[PDB]
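Student: Take this structure first; my questions come after.
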Amino acid sequence: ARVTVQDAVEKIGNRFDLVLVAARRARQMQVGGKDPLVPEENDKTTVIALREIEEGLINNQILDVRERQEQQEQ
Amino acid sequence: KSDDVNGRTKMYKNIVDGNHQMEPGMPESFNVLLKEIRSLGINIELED
Amino acid sequence: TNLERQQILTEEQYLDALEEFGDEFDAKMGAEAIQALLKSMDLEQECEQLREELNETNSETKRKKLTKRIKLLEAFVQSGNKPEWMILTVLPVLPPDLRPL
Amino acid sequence: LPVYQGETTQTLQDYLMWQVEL
């Protein structure tokens, strides 16, 4: 389990946009078609997405860029 | 978790399938309240 | 006849007034009477009279108990509801499954 | 208080539809 959320909070900024971003990323991981950018440690998709946000790899801009690129590549 | 009749079954199905997504819809108690108010001579409805 | 539009006329005075004035002082005694009074008035004329009276006459008690009436008239004419609708004629019933056995 | 708002029961057709949903 992840004890606290502070690195992700500092990375995102709003303390309520973090929930939305992590939710729309964990949705990708859970529904499928995506692979975790961070090595999973027998963790659930929620914690995996939260830790990926904390490491500084996912935000409300990278996700939109990737989604737009994938849509255009169709 | 409550009177959303068409949403309880959908949430149960999604949980069993492993989706964890919600379809909120509209509670049944609000429909009951609208019917009970219309049973008096008071017109009430939802616009768009 | 020498009678006001909206005055209380109990049974005995009704009998004697009818006997003296003939069949001219038409009167009713039910919700149909209230519906007749409510439907047989004009709203704009009463609103104009109320506004004129409020603008002309000013007093401690006249400034009040009349703004509420003119506001009621204005809301009633803007919202579109007719006054006779307050005395219901048809009564709806709840659906049976909301009042089970 | 008078008893009202009884429980909903599970008949065969409802049970079969429940199983069809999953």
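Note: ideal-geometry Cβ built from the backbone for every residue, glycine included; neighbour counts use all protein chains shown. We did not get these values from a lab; they are worked out from the coordinates using the rules stated.
Student: Find the relative contact order for chain C and round it to a whole percent, using C-alpha pairs within less than 8 Å whose residues are 6+ positions apart.
Tutor: For chain C, the relative contact order is 26 percent.
Student: How much length is gained if the chain between C:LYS64 and C:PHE76 is pulled fully straight, taking 0.36 nm per residue apart and subtracting their Cα-Cα distance, in nm to one decimal? Show your work: numbers first, answer last.
Tutor: Details: separation 12, 0.36 × 12 = 4.32 nm, distance 1.91 nm.
Full-extension gain reported as 2.4 nm.
Student: Here is a further query. Of the listed pairs C:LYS28/C:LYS64; A:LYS44/B:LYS10; B:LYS13/B:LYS35; B:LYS35/C:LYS82; A:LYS44/B:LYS13; C:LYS39/C:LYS68, which have alpha-carbon separations greater than 25 Å here?
Tutor: C:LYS28/C:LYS64; B:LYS13/B:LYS35
Student: If you don't mind, there's one more thing I want to ask. How high is the FRET efficiency between C:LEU101 and D:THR9 when r is their beta carbon distance and R₀ equals 25 Å, given to the nearest 0.05?
Tutor: My answer for the efficiency is 0.95.
Student: Continuing with this model, one more query. Please compute, for the alpha-carbon atoms of chain A, the extent along each of the three principal axes and give them in descending order in Å.
Tutor: 40, 28, 16
Student: Hey, with R₀ at 30 Å, roughly what FRET efficiency would A:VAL38 and B:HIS20 work out to, going by the Cβ-Cβ distance, to 0.05?
Tutor: With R0 = 30 Å, the Cβ-Cβ based efficiency is 0.90.
Student: For peptide B:35-46, compute the average count of partner chain beta-carbon atoms within 10 Å of each residue's beta-carbon.
Tutor: Working: counts 5, 4, 0, 3, 7, 3, 8, 0, 2, 0, 0, 0.
What the average comes to for B:35-46 is 3.
Student: Follow-up question, since we're still on this one. Shape call for the protein assembly as shown from the C-alpha gyration tensor, a ≥ b ≥ c root eigenvalues: rounded (a/c under 1.5), prolate (a/b greater than b/c) or oblate?
Tutor: Note, shape of the protein assembly as shown comes out prolate.
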